[PDB]
């Protein structure tokens, strides 16, 4: 169950890190997002992105809401 929550937090973080969400801007932000925080969050974030990054990036580029991006995990 944690995956859905991790997904929502990451979507929110990435939307503030980029200006216009494109394949390049989002992907670049996605390599940085998991490096901010204490060790537990860095780990959880990293493990999530390794599994799910393609779908997160796709969703941001599509202008999906966080819930739409993360729905398969709900």
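Residue numbers count along the first chain shown, from 1.
In the PDB entry, a CA B factor belonging to the lowest third of its chain's modelled residues is recorded for residue 51. Among the modelled residues of its chain, residue 26 has a C-alpha B-factor that falls in the middle third, as given in the PDB entry.
When the CA B factors of the chain's modelled residues are split into thirds, the value for residue 57 lands in the lowest one.
When all modelled residues of the chain are sorted by CA temperature factor, residue 33 is found within the highest third. Annotation for residue 17: CA B-factor lies in the highest third of the chain's modelled residues.
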